[PDB]
Amino acid sequence: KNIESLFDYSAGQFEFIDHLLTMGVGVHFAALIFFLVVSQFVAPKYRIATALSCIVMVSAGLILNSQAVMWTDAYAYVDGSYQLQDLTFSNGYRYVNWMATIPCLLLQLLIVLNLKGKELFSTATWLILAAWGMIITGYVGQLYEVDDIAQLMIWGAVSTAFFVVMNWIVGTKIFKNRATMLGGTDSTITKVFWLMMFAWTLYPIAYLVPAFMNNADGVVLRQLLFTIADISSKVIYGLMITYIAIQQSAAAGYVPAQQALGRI
Ligand SMILES: *C/C=C(C)/C=C/C=C(C)/C=C/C1=C(C)CCCC1(C)C
Ligand SMILES: CCCCCCCC/C=C\CCCCCCCC(=O)O
Ligand SMILES: [Cl-]
Ligand SMILES: [Cl-]
């Protein structure tokens with residue numbers, strides 16, 4: 001049901017996609033160790049924001065690892081090209097993983113925005129419901145990326161509605177709570193918003209690839225877009241969230257944070 005299954009791949013195409021996924025694994029698990037070691041310099045009220053980056057690194061790293069092995073399982077070099085065998089490859093498992101990873105990305109944002117208690121629980125709940133609506137409708141949509149492009153487009157429009165509303169909740173909370181933030185991170189959090197708008201928008205572009213580039217090179221392009229998007233939305237994002245957490249920790253008087261920033 002996926003466009004990947006439609007084509008044979010050149011050695012170059014096949015190996016490049018393998019390398020993209022493998023590099024993806026390496027970057028996320030390398031970042032994992034960084035987040036782990038810097039977590040001790042985060043104040044208790046923000047430390048979970050850095051823990052969530054560890055959780056996202058392993059979750060994302062595992063899905064990329066799984067995709068890479070699925071890729072090599074599904075294709076074998078036969079008569080001069082990589083051809084589909086008995087096992088299958090699908091990006092559908094990425095969508096399932098987003099059900100977990102996107103709530104984690106959203107939660108760590110709410111934490112460094114200094115949301116607490118009732119507002120935190122209510123905002124997270126609405127955000128996660130919007131996100132799940134987006135992911136589920138998008139998942140249904142990509143079931144038709146070969147059979148019914150029109151249906152892909154309509155489910156995509158519904159998903160985009162959830163996306164836009166989710167982004168509005170995010171922006172509203174960011175620009176409202178920006179003033180509460182310490183150590184100059186009121187400025188930093190503004191860049192985080194724009195990073196999210198940029199990086200998360202790469203995913204619907206990848207979703208539309210079967211509509212505007214239904215060939216083997218389109219398959220490469222989509223994996224390339226996912227790679228840019230994953231690294232930006234999880235790793236670069238996580239680094240900014242952790243920076244914000246440490247900076248606010250230091251400004252709040254947490255001595256390990258002050259000491260850590262002092263060494264650099
Ligand atoms: C780490 C993974 C992330 C941040 C994934 C984000 C995914 C999206 C923003 C997906 C958006 C979609 C649309 C807005 C329309 C087409 C269907 C989706 C689900 C690909
Ligand atoms: C934050 C951005 C992270 C970027 C990650 C992607 C790094 C590698 C990017 C690709 C370089 C272009 C490779 C040339 C493609 C050759 C075409 C092919 O062989 O199929
Ligand atoms: Cl604290
Ligand atoms: Cl993920």
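Computed over heavy atoms, backbone and side chain alike; hydrogens, waters and symmetry mates excluded. Sequential numbering from 1 along the given sequence is applied to the chain's residues.
- Using a 3.5 Å distance cut-off with no hydrogens or angles, the side chains of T72 and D18 do not pair a donor with an acceptor.
- Under 3.5 Å, the side chains of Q223 and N91 contain a donor-acceptor pair of N or O atoms.
- The 12-atom threshold is exceeded at CG of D147, counting heavy atoms of other residues, nucleotides or ligands nearer than 6.0 Å.
- Ring geometry for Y203 against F226 counts as tilted: the plane angle lies between 30° and 60°, on a 0 to 90° scale.
- If you look at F175 and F193, their ring centroids are closer than 6.0 Å.
- A salt bridge is absent between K1 and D148; no separation between the charged side-chain nitrogens and carboxylate oxygens falls under 4.0 Å.
- Judged purely by atom type and a 3.5 angstrom limit, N177 uses its side chain to pair as donor or acceptor with the backbone of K173.
- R47 and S39 are not linked by any side-chain donor-acceptor pair at a separation below 3.5 angstrom, with hydrogens and angles left out of the test.
- Using the six-membered ring where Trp is involved, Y207 and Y95 have ring planes that are tilted, between 30° and 60° apart.
- Side-chain contact between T50 and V38 is absent, with no heavy atoms from C-beta onward closer than 4.5 Å.
- Checked against the 6.0 Å centroid criterion, the rings of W71 and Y9 qualify as a close aromatic pair.
- Residues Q247 and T188 have side chains that never bring a donor and an acceptor to within less than 3.5 angstrom of each other.
- Side-chain polar atoms of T180 and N114 form a donor-acceptor pair below 3.5 angstrom.
- A donor-acceptor contact under 3.5 angstrom links the side chains of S10 and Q13, judged on distance only.
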